[PDB]
Amino acid sequence: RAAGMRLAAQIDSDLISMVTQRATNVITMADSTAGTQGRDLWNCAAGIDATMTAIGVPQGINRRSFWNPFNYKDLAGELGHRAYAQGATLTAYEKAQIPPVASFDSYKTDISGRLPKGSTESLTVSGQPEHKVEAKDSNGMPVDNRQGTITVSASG
Amino acid sequence: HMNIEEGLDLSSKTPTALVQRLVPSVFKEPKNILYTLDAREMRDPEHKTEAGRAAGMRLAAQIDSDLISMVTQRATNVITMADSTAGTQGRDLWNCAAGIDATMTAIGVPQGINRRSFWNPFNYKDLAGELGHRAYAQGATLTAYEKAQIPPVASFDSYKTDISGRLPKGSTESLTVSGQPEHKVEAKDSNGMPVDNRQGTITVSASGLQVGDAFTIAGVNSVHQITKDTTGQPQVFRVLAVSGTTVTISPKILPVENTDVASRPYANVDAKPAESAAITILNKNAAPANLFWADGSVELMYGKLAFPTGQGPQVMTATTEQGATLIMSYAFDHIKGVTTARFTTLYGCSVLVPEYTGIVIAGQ
Amino acid sequence: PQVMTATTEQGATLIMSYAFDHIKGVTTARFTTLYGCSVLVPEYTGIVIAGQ
Amino acid sequence: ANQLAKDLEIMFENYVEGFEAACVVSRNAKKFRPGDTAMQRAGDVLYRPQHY
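A brief look at the structure comes next.

Conventions and cut-offs
- Residues numbered from 1 in each chain as written, not as in the entry; some residues may be left out.
- Chains lettered and ligands numbered in written order.
- Part of a larger assembly, values for the part shown.
- Heavy atoms only, no water.
- Pairing = 2+ DSSP bridges.
- Helix = DSSP H or I, 4+ residues; strand = E, 2+ residues; numbered from the N terminus.
- Axes fitted to C-alpha atoms, helices over the stretch in contact; angles between N-to-C directions.
- Buried < 20%, exposed > 50% of the residue type's maximum accessible area, 1.4 Å probe, protein only.
- Arc of directions from axis to C-beta.
- Contact = heavy atoms within 4.5 Å.
- Buried area = accessible area lost by both parts, 1.4 Å probe.
- Salt bridge = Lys/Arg side-chain N within 4 Å of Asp/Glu carboxyl O.
- Polar contact = N/O pair within 3.5 Å; in protein donor to acceptor, adjacent residues only side chain to side chain.
- Core = buried A, V, L, I, M, F, W, Y, C linked by side-chain atoms within 4.5 Å.
- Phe/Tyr/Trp six-rings, centres within 6.5 Å; stacked < 30°, edge-to-face > 60°.
- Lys NZ or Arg CZ within 6 Å of the ring centre and 35° of its normal.
- 1 Å grid on protein atoms, 1.4 Å probe; cavity = no way out; pocket = protein on both sides within 12 Å on 5 of 7 lines; lining within 4 Å.
- Points joined across faces, edges and corners; volume = space filled by probe spheres on them.
- Nonpolar A, V, L, I, M, F, W, Y, C, P; charged D, E, K, R; others polar.

## Digging into the sheet that holds strand 16 (residues 338-345) of chain B
All names here are of chain B.
Next, step 1: The sheet built from four strands is open, its strands ordered 1-16-15-14 with antiparallel pairing. The open sheet has two edge strands, strand 1 (31-38) and strand 14 (314-319), and neither has a second partner. The sheet shows a mean angle of 15° between the axes of neighbouring strands, taken without regard to direction.
Next, step 2: Bridging between strand 1 and strand 16 involves eight bridges; their strand directions are antiparallel. Note on strand 16: the bridge partner recorded for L34 is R342.

## A look at helix 4 (residues 88-95) of chain A
Next, step 1: Looking only at helix 4 of chain A, the buried set comprises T89, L90, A92 and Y93 of chain A. Seen along its axis, helix 4 of chain A keeps its buried residues to an arc of 165°; they face one direction.
Next, step 2: Tucked into the core, helix 4 of chain A has its buried residues touching helix 3 (69-80) of chain A together with helix 2 (91-106), helix 3 (121-132) and helix 4 (139-147) of chain B.
Next, step 3: Following helix 4 of chain A by one or two positions, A96 of chain A adopts a phi angle in the positive range, close to 55°.

## With respect to the sheet that holds strand 1 (residues 2-7) of chain C
All names here are of chain C.
Next, step 1: Spatial ordering of the open sheet is given by 1-2-3, a layout of three strands whose pairing is antiparallel. Edge strands, defined here as strands with exactly one partner in the open sheet, are strand 1 and strand 3 (26-32). Within this sheet the neighbouring strands show an average axis-to-axis angle of 20°, counted without direction.
Next, step 2: Here strand 2 (residues 13-21) runs beside strand 3; their pairing, made up of seven bridges, is antiparallel.

## Points about the interface of chain B and chain A
Next, step 1: Between chain B and chain A, the residue contacts involve 35 residues of the former and 31 residues of the latter.
Next, step 2: In total, about 2,800 Å² of surface goes out of reach between chain B and chain A, with carbon and sulfur atoms giving 63% of it.
Next, step 3: Counting the contacts that link chain B with chain A gives one salt bridge.
Next, step 4: Between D101 of chain B and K108 of chain A there is a salt bridge, with its nearest N and O atoms 3.9 Å apart.
Next, step 5: For the pair chain B and chain A, the interface holds 11 residue pairs in polar contact.

## Some thoughts on the pattern of salt bridges
Two side chains carrying opposite charge are able to pair once their charged atoms lie near each other.
Next, step 1: Throughout the structure, instances matching the rule amount to 14 salt bridges over all chains.
Next, step 2: Put simply, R116 of chain B and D295 of chain B hold a salt bridge, and the shortest N to O gap is 2.8 Å. Within this pair, whereas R116 of chain B is found in strand 3 (residues 115-119), its partner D295 of chain B is found in the loop between strand 12 (287-294) and strand 13 (298-302), the two being separated by 179 residues in sequence.
Next, step 3: Between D196 of chain B and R198 of chain B there is a salt bridge whose closest N-O contact spans 2.7 Å.
Next, step 4: Taking relative accessible area as the criterion, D196 of chain B reaches 18% and is therefore assigned buried.
Next, step 5: Linked through salt bridges whose partners overlap, the residues forming this network are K108 of chain A together with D101 and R115 of chain B.

## What to know about the nonpolar core
Next, step 1: Among the nonpolar cores identified, the biggest contains 49 residues, and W94, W119, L127 and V153 of chain B are the most heavily contacted of them.
Next, step 2: Within the residue set of this core, elements represented by two or more residues are helix 2 (39-55), helix 3 and helix 4 of chain A together with helix 2, helix 3, helix 4 and strand 12 of chain B.
Next, step 3: In terms of residues, this core owes the most to one element, helix 2 of chain B, which gives seven residues.
Next, step 4: By size, the runner-up hydrophobic cluster in this structure holds 20 residues, among which are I68, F118, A289 and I361 of chain B.

## Some words on the pairing of strand 15 (residues 325-333) of chain B
Residues and elements named next belong to chain B.
Next, step 1: Bridge count between strand 14 and strand 15: six bridges; the pairing is antiparallel. Looking at strand 15, one finds that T319 is bridged to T325.
Next, step 2: Linking strand 14 back to strand 15 in an antiparallel pair, the connection comprises five residues, with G323 at a positive phi of about 85°.
Next, step 3: Direction of pairing for strand 15 relative to strand 16: antiparallel, over a ladder of seven bridges. Pairing of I327 across the sheet is with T344, part of strand 16.
Next, step 4: From the end of strand 15 to the start of strand 16, which pair antiparallel, there are four residues, and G337 there has a positive phi angle of about 70°.

## Re the packing of aromatic side chains
All names here are of chain B.
Next, step 1: Counted under the stated rule, the structure contains 11 aromatic pairs over all chains.
Next, step 2: Seen in terms of ring centroids, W119 and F292 are 5.2 Å apart; in terms of plane orientation they differ by 90°. Their pairing is edge-to-face. You can see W119 sitting in strand 3 and its partner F292 sitting in strand 12, a full 173 residues away along the chain. Of the two residues, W119 and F292, neither departs from the other in class, the shared state being buried.
Next, step 3: When the ring of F215 is compared with that of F237, the centres are 5.8 Å apart and the planes differ by 40°; the resulting orientation is tilted. With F215 in strand 8 (residues 214-223) and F237 in strand 9 (residues 230-243), this residue pair connects regions lying 22 residues apart in the sequence.
Next, step 4: On the basis of relative accessible area, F215 is assigned to the buried category, the value being 0%.
Next, step 5: By the ring-pair criterion, three or more aromatic residues cluster together here, those being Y35, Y330 and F343.
Next, step 6: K48 extends its terminal NZ or CZ atom over the ring of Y330, reaching a point 5.1 Å from the ring centre.

## Remarks on empty space enclosed by the protein
Next, step 1: In the structure shown here, the tally under the stated rule is four cavities of 30 Å³ or more.
Next, step 2: In this structure, the largest cavity spans a volume of roughly 80 Å³.
Next, step 3: Together, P69, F70, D110, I111 and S112 of chain A together with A106, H224, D229, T230 and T231 of chain B line the largest cavity.
Next, step 4: Taken together, the elements giving at least two residues each to the lining of the largest cavity come down to helix 3 of chain A together with strand 9 of chain B.
Next, step 5: Estimates place the volume of the second largest cavity at around 60 Å³.
Next, step 6: As for the second largest cavity, its lining consists of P69, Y72, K73, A96 and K108 of chain A together with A98, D101, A102, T105 and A154 of chain B.
Next, step 7: Secondary structure elements with two or more residues in the lining of the second largest cavity: helix 3 of chain A together with helix 2 of chain B.
Next, step 8: Here the lining of the second largest cavity gets four residues from one element, more than from any other, and that element is helix 2 of chain B.
Next, step 9: A class-by-class count of the residues in the lining of the second largest cavity yields six nonpolar, one polar and three charged.

Quick look at the structure:
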């Protein structure tokens, strides 16, 4: 019983850390000193869908969002502390559950991925880099067109 | 709990040692009330009537007071807030209660099991003061305004407790952990008795800590109890006993990559303390706790002493409002001219999973 | 060894196998799984971080 | 009377409550079963085309 569930939970941890490292749309917010928490997270979630739309990701295809328990709580706090204490407000206040957010279905994930503390160095792109598309490399192996290489001035 | 191992060939890898951990639950010393009436005093039957009434309710109330003290001292998830000078009191408490459930979820407490919250009357009032002053004066708002009652809060059923546990005023000293304490997990000790894995012992650089303190160690964060991935939140430790610089704490400091291989599956935290790691005491001011649990961790076990009828004293039983047995015994000494009355009960209160429980303290 | 198959919550395959060594009287037991996780189109995915 | 016998009350399958992982992200991911013979010949990698 213990072995079966510990393996299942590792599949989730590996997927969450994979998606966290590879996702190319990123939006960040400072943690709000005002009441604007939850509104700021909704602006970020809606900014992800606006970005997906603007780059041409299909508008009809289904959409999912997985929130860490702390930011799911921040959205539930905003929606539950609204003036009309009925329906979705009352559900968010009483049971901390939220509706879909900004076109995404909303899920609370118990495990979550993390980004490292980024360098405080004033880095710059060295040279003037421009990649090309290739079907295969100089040895005839396939080329992963999702990624390329650059020089940056100071290695931070 | 089990280790994960990497690759196809495992001929170089130690199998996970099974550790059959056991947690004790134990009855306390019996709880009693004694009174006596002499043969003059027994001429007025109200004394037995009123003293029996008073004794029965005083033992019922002690079962509640012992359990509340027990849960307040053992609960490992702890969140603090200053009292708001702005209007944000009550909103900040909802954010703290939801922060307890967010923390329970992040460490891997099941999300589907039922949850209870027990608010002291002041912080229950602070929540009702937010919900009652919403701009749509109807339904839950109107109940919160008129009668100061609240619905469930932040996924917990909400209860108001008249009695509540108080955390002490924590030390102002710059305490640090001495050495780099790292506990092991054991099924049983050197005498073959089961080991209580909920407690461990540390050395601290000066004798400032107190029983019932809540504190965090500078470099030490909780992990999800199954995957062992970090929560990024500090682990809170509870002080359970003190002896000079030597302090008993809960939970055990069990790192991921513990020096003891057999206890690595049972890790609570991302790392052991660094050398001289700072202690931050959370209870800066003494404050009434608000108690939270997920069901199945917090228990009352009831006993009954074998007091015999039909020999010597006359013996009877009653049930407290919590289902505990009271035994009432009356015995008359005709040489002293006195009746002695004994009311007695036997119980234990226990927190089987200190992680299924948490507390919020306001007033910082 | 004895070999058996089960399925995780996500539909992943578990192989369980047990080998008894009768002259020393022990069973070694192994659970194992094989999987990969991928983002085929990075642009179809995004992340939000608070605390800047 | 003095000197009564004592034992241990251990309740060997009455477990205290314990942690879990909800697996929610990997339960919502798309799942794929490539052929195991093909994955062996390929060295556990496969490729899919993108649109023109």
